[PDB]
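Student: This is coords-v7.cif, which holds mmCIF, C-alpha atoms and all ligand atoms:
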```
data_protein
loop_
_atom_site.label_atom_id
_atom_site.label_comp_id
_atom_site.auth_asym_id
_atom_site.auth_seq_id
_atom_site.Cartn_x
_atom_site.Cartn_y
_atom_site.Cartn_z
CA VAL J 1 84.04 99.35 111.01
CA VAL J 2 82.11 99.21 114.28
CA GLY J 3 83.07 101.71 116.96
CA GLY J 4 85.21 103.79 114.61
CA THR J 5 85.59 107.45 113.66
CA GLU J 6 85.66 109.23 110.31
CA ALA J 7 89.20 109.33 108.95
CA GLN J 8 90.68 112.60 107.72
CA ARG J 9 90.00 112.67 104.00
CA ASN J 10 92.72 110.78 102.18
CA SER J 11 94.79 110.10 105.32
CA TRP J 12 95.05 106.45 104.23
CA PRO J 13 95.95 106.97 100.50
CA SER J 14 96.51 103.29 99.64
CA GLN J 15 92.95 102.35 100.67
CA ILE J 16 90.68 101.42 97.75
CA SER J 17 87.02 100.60 97.28
CA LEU J 18 86.24 97.43 95.31
CA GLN J 19 82.83 97.68 93.65
CA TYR J 20 80.69 95.49 91.39
CA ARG J 21 78.12 96.50 88.79
CA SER J 22 74.49 95.85 89.69
CA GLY J 23 72.27 96.67 86.75
CA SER J 24 72.96 100.27 85.78
CA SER J 25 74.74 101.26 88.99
CA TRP J 26 77.69 100.22 91.16
CA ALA J 27 77.88 99.00 94.76
CA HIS J 28 80.72 98.85 97.27
CA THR J 29 81.51 95.28 98.35
CA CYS J 30 85.07 95.23 99.67
CA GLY J 31 88.15 97.19 100.60
CA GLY J 32 91.64 96.70 99.19
CA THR J 33 95.20 98.04 99.18
CA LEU J 34 96.96 99.62 96.20
CA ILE J 35 100.41 97.97 96.10
CA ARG J 36 101.47 98.99 92.56
CA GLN J 37 100.11 101.57 90.13
CA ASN J 38 98.26 98.73 88.42
CA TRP J 39 97.90 96.09 91.16
CA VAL J 40 95.51 95.87 94.10
CA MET J 41 95.68 93.45 97.02
CA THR J 42 92.40 92.26 98.54
CA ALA J 43 90.70 89.16 99.98
CA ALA J 44 90.01 86.12 97.80
CA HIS J 45 86.46 85.81 99.14
CA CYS J 46 85.72 89.28 97.76
CA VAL J 47 86.14 87.93 94.25
CA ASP J 48 84.50 84.52 94.64
CA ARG J 49 81.54 85.56 92.49
CA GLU J 50 81.89 86.22 88.77
CA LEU J 51 80.69 89.82 88.46
CA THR J 52 82.06 92.97 86.85
CA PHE J 53 84.47 94.70 89.24
CA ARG J 54 85.99 98.18 89.32
CA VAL J 55 88.43 99.87 91.68
CA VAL J 56 88.12 103.41 93.04
CA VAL J 57 91.21 105.14 94.43
CA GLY J 58 91.31 108.50 96.22
CA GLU J 59 87.83 107.84 97.60
CA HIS J 60 86.43 109.24 100.85
CA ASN J 61 82.64 109.68 100.60
CA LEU J 62 81.02 106.91 98.54
CA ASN J 63 77.82 108.88 97.87
CA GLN J 64 79.23 112.15 96.59
CA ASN J 65 81.99 113.64 94.46
CA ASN J 66 85.08 114.55 96.48
CA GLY J 67 86.99 115.76 93.43
CA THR J 68 89.77 113.26 94.10
CA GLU J 69 88.47 109.92 92.75
CA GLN J 70 89.91 107.78 89.93
CA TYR J 71 87.87 104.86 88.54
CA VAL J 72 89.49 101.88 86.82
CA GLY J 73 88.34 98.45 85.72
CA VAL J 74 89.84 95.13 86.76
CA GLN J 75 91.66 93.31 83.97
CA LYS J 76 92.90 90.16 85.71
CA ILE J 77 92.15 88.37 88.97
CA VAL J 78 94.76 86.12 90.56
CA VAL J 79 93.49 84.27 93.64
CA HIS J 80 95.89 82.25 95.79
CA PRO J 81 96.07 78.65 94.43
CA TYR J 82 95.12 77.10 97.79
CA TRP J 83 92.05 79.26 98.49
CA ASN J 84 88.94 77.23 99.42
CA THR J 85 85.74 79.27 99.68
CA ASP J 86 84.17 76.52 101.82
CA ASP J 87 86.97 76.76 104.39
CA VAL J 88 87.94 80.38 105.14
CA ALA J 89 89.44 79.06 108.39
CA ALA J 90 92.05 77.27 106.28
CA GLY J 91 93.48 80.66 105.27
CA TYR J 92 94.86 81.66 101.88
CA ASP J 93 92.28 84.45 101.75
CA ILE J 94 94.26 86.76 99.49
CA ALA J 95 93.95 87.87 95.87
CA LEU J 96 95.75 90.23 93.51
CA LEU J 97 93.88 92.33 90.97
CA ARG J 98 95.64 93.67 87.89
CA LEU J 99 94.06 96.98 86.92
CA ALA J 100 93.17 97.75 83.29
CA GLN J 101 95.09 101.03 83.52
CA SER J 102 97.76 102.48 85.81
CA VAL J 103 96.40 105.03 88.26
CA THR J 104 98.10 108.37 88.77
CA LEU J 105 99.85 108.77 92.12
CA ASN J 106 99.34 112.02 94.01
CA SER J 107 98.31 113.50 97.35
CA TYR J 108 95.29 111.21 97.56
CA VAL J 109 96.61 108.09 95.82
CA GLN J 110 99.71 106.37 97.18
CA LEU J 111 101.12 102.84 97.29
CA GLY J 112 100.78 100.79 100.45
CA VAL J 113 103.95 99.72 102.24
CA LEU J 114 104.28 95.96 102.70
CA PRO J 115 106.13 94.28 105.61
CA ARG J 116 109.27 92.18 105.14
CA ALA J 117 108.64 88.47 104.66
CA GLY J 118 108.11 86.51 107.87
CA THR J 119 107.64 89.53 110.14
CA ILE J 120 105.46 88.84 113.18
CA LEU J 121 104.28 91.64 115.46
CA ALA J 122 104.50 91.56 119.24
CA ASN J 123 101.27 91.34 121.22
CA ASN J 124 99.24 94.54 121.49
CA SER J 125 101.08 96.33 118.66
CA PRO J 126 99.49 99.60 117.52
CA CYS J 127 97.39 99.17 114.37
CA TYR J 128 94.36 100.71 112.67
CA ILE J 129 91.64 99.14 110.54
CA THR J 130 89.99 101.29 107.87
CA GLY J 131 86.96 100.71 105.70
CA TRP J 132 83.47 101.62 104.54
CA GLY J 133 81.94 98.47 106.03
CA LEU J 134 78.95 98.14 108.37
CA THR J 135 79.19 100.40 111.43
CA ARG J 136 77.02 97.98 113.43
CA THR J 137 76.34 94.24 113.25
CA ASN J 138 73.55 93.78 110.68
CA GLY J 139 73.70 97.55 110.16
CA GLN J 140 74.58 99.56 107.07
CA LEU J 141 77.72 100.74 105.26
CA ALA J 142 79.49 103.94 106.23
CA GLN J 143 79.24 106.82 103.75
CA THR J 144 82.65 108.18 104.72
CA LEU J 145 85.85 106.21 105.34
CA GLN J 146 86.00 105.03 108.97
CA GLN J 147 89.01 104.12 111.10
CA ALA J 148 89.40 102.38 114.44
CA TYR J 149 92.37 101.68 116.71
CA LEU J 150 92.74 97.90 116.71
CA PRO J 151 95.82 96.54 118.52
CA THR J 152 97.01 93.02 117.69
CA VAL J 153 96.43 89.85 119.72
CA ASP J 154 99.31 87.41 119.16
CA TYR J 155 98.80 83.89 117.85
CA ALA J 156 99.39 82.30 121.26
CA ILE J 157 96.54 84.25 122.84
CA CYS J 158 94.31 84.32 119.77
CA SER J 159 94.45 80.57 119.17
CA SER J 160 93.66 79.71 122.80
CA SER J 161 90.27 78.24 123.75
CA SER J 162 89.40 81.60 125.34
CA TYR J 163 89.37 83.25 121.91
CA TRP J 164 89.28 81.71 118.44
CA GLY J 165 90.99 78.47 119.39
CA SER J 166 91.76 76.10 116.51
CA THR J 167 89.90 78.29 114.01
CA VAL J 168 92.89 80.66 113.69
CA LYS J 169 96.24 79.75 112.07
CA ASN J 170 99.74 81.27 112.23
CA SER J 171 99.14 82.53 108.67
CA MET J 172 96.66 85.00 110.19
CA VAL J 173 96.83 88.11 112.38
CA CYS J 174 94.22 88.88 115.04
CA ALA J 175 93.42 92.40 116.21
CA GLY J 176 90.87 93.96 118.54
CA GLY J 177 88.32 91.86 120.37
CA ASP J 178 87.47 94.56 122.91
CA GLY J 179 83.76 94.11 122.23
CA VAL J 180 83.48 97.70 121.04
CA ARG J 181 85.65 98.08 117.93
CA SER J 182 86.04 95.72 114.98
CA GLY J 183 85.92 95.18 111.24
CA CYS J 184 82.54 94.17 109.79
CA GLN J 185 80.98 93.14 106.46
CA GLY J 186 82.19 95.50 103.76
CA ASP J 187 85.61 95.95 105.36
CA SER J 188 86.75 92.61 103.89
CA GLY J 189 89.90 92.73 101.79
CA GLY J 190 90.87 96.01 103.42
CA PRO J 191 94.13 96.80 105.22
CA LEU J 192 95.26 96.59 108.83
CA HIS J 193 97.78 99.45 109.10
CA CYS J 194 100.44 98.92 111.77
CA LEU J 195 103.18 101.28 112.96
CA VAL J 196 106.62 99.71 112.53
CA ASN J 197 109.91 101.61 112.73
CA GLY J 198 108.12 104.95 112.55
CA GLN J 199 106.26 103.84 109.44
CA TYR J 200 102.77 102.46 108.76
CA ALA J 201 102.76 99.18 106.82
CA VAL J 202 99.92 96.91 105.71
CA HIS J 203 100.20 93.74 107.82
CA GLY J 204 96.75 92.30 107.18
CA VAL J 205 93.89 91.77 104.73
CA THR J 206 90.52 91.71 106.53
CA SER J 207 89.19 88.14 106.33
CA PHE J 208 86.54 87.25 108.91
CA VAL J 209 84.71 87.88 112.15
CA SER J 210 82.44 85.81 114.38
CA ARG J 211 79.16 84.35 113.07
CA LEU J 212 77.58 85.79 116.23
CA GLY J 213 78.40 89.37 115.28
CA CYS J 214 81.09 91.84 114.29
CA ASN J 215 82.21 93.27 117.64
CA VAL J 216 82.35 90.31 120.02
CA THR J 217 84.44 90.17 123.18
CA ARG J 218 87.40 87.83 122.76
CA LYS J 219 86.62 87.30 119.06
CA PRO J 220 89.16 89.63 117.40
CA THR J 221 88.81 90.50 113.73
CA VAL J 222 90.94 88.03 111.77
CA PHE J 223 93.24 89.09 108.92
CA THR J 224 95.35 87.29 106.34
CA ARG J 225 98.97 87.84 107.46
CA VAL J 226 100.52 89.64 104.50
CA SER J 227 104.08 88.88 105.62
CA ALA J 228 103.42 85.19 104.97
CA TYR J 229 102.71 85.93 101.30
CA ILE J 230 105.50 88.29 100.22
CA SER J 231 107.18 85.67 97.99
CA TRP J 232 103.91 84.76 96.32
CA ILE J 233 102.95 88.40 95.77
CA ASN J 234 106.35 89.22 94.27
CA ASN J 235 106.21 86.16 91.99
CA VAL J 236 102.81 87.17 90.63
CA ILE J 237 103.53 90.85 89.95
CA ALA J 238 106.85 89.96 88.31
CA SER J 239 105.07 87.44 86.07
CA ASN J 240 101.74 89.05 85.17
CA CA J 301 83.25 110.23 96.56
#
```
Could you render the structure as structure tokens?
Tutor:
Amino acid sequence: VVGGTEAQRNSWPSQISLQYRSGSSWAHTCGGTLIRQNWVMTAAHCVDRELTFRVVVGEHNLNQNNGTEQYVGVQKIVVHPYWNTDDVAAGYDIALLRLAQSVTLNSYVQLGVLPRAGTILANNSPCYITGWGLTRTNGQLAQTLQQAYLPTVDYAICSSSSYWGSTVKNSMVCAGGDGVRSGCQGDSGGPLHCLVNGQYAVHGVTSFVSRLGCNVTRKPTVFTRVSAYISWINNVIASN
């Protein structure tokens, strides 16, 4: 997250850290959202490579013990059937991870609230992006969970030639683009939390930013629109 601020420890309890094993140690690679005690929602491009993955819930500071973390391996990976790693602009950047064990819910670990199917947000709706991603283009990961206010940019405006144009589809949600705040490498797969009916719900899965850089004027961070995948998500969890 570029242009963000440290979030109050565990103020976004459904946020998870997706890590892979590198030799004898682990490394953060993506964010994710806990949607069931044993299911995590993240981006398909986060699991393109065949490595060993693990999920950490109740995390805040990646480098030290907070006394609230729970570590669990990934037992099954279900990527959307239409995902094409060579065409992220085509969409379908969403994957579901079945955890090897069910995590314990508590003050630091809670399930994320998903929107109703088909729900589209009005322009400039209040939302927040959270993650441990780069805090600057070509920079380095944040040690502590970061958050940034990132209001939405509706499809009409986002798909105009003045922004992303044809690159963005209705199956995506755009947010930010103020040139100061944005998601960045490492935030991928993470949530876009938006206030709806007095309640924060996860409306997006961080997917991509401009090739030119993370925080670019008129190049909002693009997210997979979760509300377009409710049926698929429900069919997978009630089958696996
Ligand atoms: Ca920690």
Student: Could you please extract the residues within 8 Å of ligand CA 301 (chain J), counting all atoms listed in the file, and hand them back as a short mmCIF file (atom, residue, chain, number, x, y, z; two decimals) with C-alpha atoms, in the frame of the given file?
Tutor:
```
data_model
loop_
_atom_site.label_atom_id
_atom_site.label_comp_id
_atom_site.auth_asym_id
_atom_site.auth_seq_id
_atom_site.Cartn_x
_atom_site.Cartn_y
_atom_site.Cartn_z
CA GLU J 59 87.83 107.84 97.60
CA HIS J 60 86.43 109.24 100.85
CA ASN J 61 82.64 109.68 100.60
CA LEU J 62 81.02 106.91 98.54
CA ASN J 63 77.82 108.88 97.87
CA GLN J 64 79.23 112.15 96.59
CA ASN J 65 81.99 113.64 94.46
CA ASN J 66 85.08 114.55 96.48
CA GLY J 67 86.99 115.76 93.43
CA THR J 68 89.77 113.26 94.10
CA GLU J 69 88.47 109.92 92.75
#
```
Student: Any chance you could tabulate, as a tab-separated table, the residues of range 11-43 of chain J at most 12 Å from range 72-78 of chain J with each one's nearest atom pair and distance in Å to one decimal, using only C-alpha atoms, in chain and rising number order?
Tutor:
```
residue	atom	partner	partner_atom	distance
J:16	CA	J:72	CA	11.0
J:17	CA	J:72	CA	10.8
J:18	CA	J:74	CA	9.6
J:19	CA	J:73	CA	9.7
J:20	CA	J:73	CA	10.0
J:21	CA	J:73	CA	10.8
J:37	CA	J:72	CA	11.1
J:38	CA	J:74	CA	9.3
J:39	CA	J:74	CA	9.2
J:40	CA	J:74	CA	9.3
J:41	CA	J:78	CA	9.8
J:42	CA	J:77	CA	10.3
J:43	CA	J:78	CA	10.7
```
Student: Compare J:129, J:174, J:111, J:79 by their minimum atom-to-atom distance to residue 190 in chain J, counting all atoms listed in the file, and give me the closest one.
Tutor: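 Closest candidate: J:129.
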Student: Residues of range 170-240 of chain J that approach range 91-109 of chain J to 9 Å or less, counting all atoms listed in the file: could you list each one with the shortest pair of atoms and its distance in Å to one decimal, rows by chain and increasing residue number, as a tab-separated table?
Tutor:
```
residue	atom	partner	partner_atom	distance
J:171	CA	J:91	CA	6.9
J:172	CA	J:91	CA	7.3
J:189	CA	J:94	CA	7.7
J:205	CA	J:94	CA	7.3
J:206	CA	J:93	CA	8.9
J:207	CA	J:93	CA	6.6
J:223	CA	J:93	CA	8.6
J:224	CA	J:93	CA	6.2
J:226	CA	J:94	CA	8.5
J:229	CA	J:94	CA	8.7
J:233	CA	J:96	CA	7.8
J:236	CA	J:96	CA	8.2
J:237	CA	J:96	CA	8.6
J:240	CA	J:98	CA	8.1
```
Student: From the options J:44, J:56, J:117, J:130, which residue's atoms come nearest to residue 86 in chain J, counting only C-alpha atoms?
Tutor: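 So, comparing all the options, the nearest one is J:44.
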Student: With a distance cut-off of 6 Å and all atoms listed in the file, select the neighbouring residues of residue 151 in chain J, excluding the residue or stretch itself and same-chain residues fewer than 2 positions from it, and output the selection as a list in words.
Tutor: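 With the cut-off at 6 Å, the set is residues 124, 125, 126, 127, 175 and 176 of chain J.
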Student: Determine the nearest neighbour of residue 36 in chain J from the options J:159, J:167, J:110, J:10, counting all atoms listed in the file.
Tutor: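 Among the listed residues, J:110 lies closest to residue 36 in chain J.
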Student: Hey, which of J:178, J:222, J:156, J:131 ends up closest to residue 144 in chain J? Count only C-alpha atoms.
Tutor: J:131
Student: Which residue, J:121, J:157, J:142, J:88, has the smallest gap to residue 5 in chain J when you use only C-alpha atoms?
Tutor: J:142
Student: Please measure the separation of CA of residue 235 in chain J and CA of residue 115 in chain J, giving the value in Å to one decimal.
Tutor: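 Distance between the two atoms: 15.9 Å.
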Student: Identify, on the basis of only C-alpha atoms, every residue whose closest approach to residue 183 in chain J does not exceed 12 Å; exclude the query and any residue fewer than 6 positions from it along the same chain; express the result as number ranges by chain.
Tutor: J: 1-4, 30-31, 128-137, 141-142, 146-150, 174-177, 189-192, 204-210, 213-216, 219-223
Student: Keeping only C-alpha atoms, write those residues as an mmCIF file, keeping the file's coordinate frame.
Tutor:
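Wrote part-v3.cif, looks like this:
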```
data_model
loop_
_atom_site.group_PDB
_atom_site.id
_atom_site.type_symbol
_atom_site.label_atom_id
_atom_site.label_comp_id
_atom_site.auth_asym_id
_atom_site.auth_seq_id
_atom_site.Cartn_x
_atom_site.Cartn_y
_atom_site.Cartn_z
ATOM 1 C CA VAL J 1 84.040 99.350 111.010
ATOM 2 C CA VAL J 2 82.110 99.210 114.280
ATOM 3 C CA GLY J 3 83.070 101.710 116.960
ATOM 4 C CA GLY J 4 85.210 103.790 114.610
ATOM 5 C CA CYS J 30 85.070 95.230 99.670
ATOM 6 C CA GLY J 31 88.150 97.190 100.600
ATOM 7 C CA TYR J 128 94.360 100.710 112.670
ATOM 8 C CA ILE J 129 91.640 99.140 110.540
ATOM 9 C CA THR J 130 89.990 101.290 107.870
ATOM 10 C CA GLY J 131 86.960 100.710 105.700
ATOM 11 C CA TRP J 132 83.470 101.620 104.540
ATOM 12 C CA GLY J 133 81.940 98.470 106.030
ATOM 13 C CA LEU J 134 78.950 98.140 108.370
ATOM 14 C CA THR J 135 79.190 100.400 111.430
ATOM 15 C CA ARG J 136 77.020 97.980 113.430
ATOM 16 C CA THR J 137 76.340 94.240 113.250
ATOM 17 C CA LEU J 141 77.720 100.740 105.260
ATOM 18 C CA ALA J 142 79.490 103.940 106.230
ATOM 19 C CA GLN J 146 86.000 105.030 108.970
ATOM 20 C CA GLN J 147 89.010 104.120 111.100
ATOM 21 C CA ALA J 148 89.400 102.380 114.440
ATOM 22 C CA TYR J 149 92.370 101.680 116.710
ATOM 23 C CA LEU J 150 92.740 97.900 116.710
ATOM 24 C CA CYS J 174 94.220 88.880 115.040
ATOM 25 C CA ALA J 175 93.420 92.400 116.210
ATOM 26 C CA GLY J 176 90.870 93.960 118.540
ATOM 27 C CA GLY J 177 88.320 91.860 120.370
ATOM 28 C CA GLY J 189 89.900 92.730 101.790
ATOM 29 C CA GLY J 190 90.870 96.010 103.420
ATOM 30 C CA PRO J 191 94.130 96.800 105.220
ATOM 31 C CA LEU J 192 95.260 96.590 108.830
ATOM 32 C CA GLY J 204 96.750 92.300 107.180
ATOM 33 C CA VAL J 205 93.890 91.770 104.730
ATOM 34 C CA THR J 206 90.520 91.710 106.530
ATOM 35 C CA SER J 207 89.190 88.140 106.330
ATOM 36 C CA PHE J 208 86.540 87.250 108.910
ATOM 37 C CA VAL J 209 84.710 87.880 112.150
ATOM 38 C CA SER J 210 82.440 85.810 114.380
ATOM 39 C CA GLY J 213 78.400 89.370 115.280
ATOM 40 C CA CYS J 214 81.090 91.840 114.290
ATOM 41 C CA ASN J 215 82.210 93.270 117.640
ATOM 42 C CA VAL J 216 82.350 90.310 120.020
ATOM 43 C CA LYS J 219 86.620 87.300 119.060
ATOM 44 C CA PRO J 220 89.160 89.630 117.400
ATOM 45 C CA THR J 221 88.810 90.500 113.730
ATOM 46 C CA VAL J 222 90.940 88.030 111.770
ATOM 47 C CA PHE J 223 93.240 89.090 108.920
#
```
Student: Draw an axis-aligned box over all listed atoms of range 41-49 of chain J, pad each side with 3 Å, and write its centre and edge lengths in Å, one decimal, as AutoDock Vina command-line options.
Tutor:
```
--center_x 88.6 --center_y 89.0 --center_z 96.2 --size_x 20.1 --size_y 14.9 --size_z 13.5
```
Student: Would you mind reading off the distance between CA of residue 55 in chain J and CA of residue 15 in chain J, one decimal, in Å?
Tutor: 10.4 Å
Student: Could you give me, as an MDAnalysis selection string, the residues within 9 Å of residue 158 in chain J, counting all atoms listed in the file and dropping anything in the same chain fewer than 2 positions from it?
Tutor: chainID J and resid 153:156 160:165 168 173:175 218:220
Student: Grab the CA of residue 90 in chain J to CA of residue 184 in chain J distance for me, in Å with one decimal place.
Tutor: 19.7 Å
Student: Can you pull out the residues contacting residue 199 in chain J? Cut-off 10 Å, using only C-alpha atoms, and skip same-chain residues under 5 positions away; I want them as a ChimeraX atom specification.
Tutor: /J:113,193-194
Student: So, counting all atoms listed in the file, which residue among J:47, J:201, J:212, J:7 is closest to residue 225 in chain J?
Tutor: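 The shortest atom-to-atom distance to residue 225 in chain J comes from J:201.
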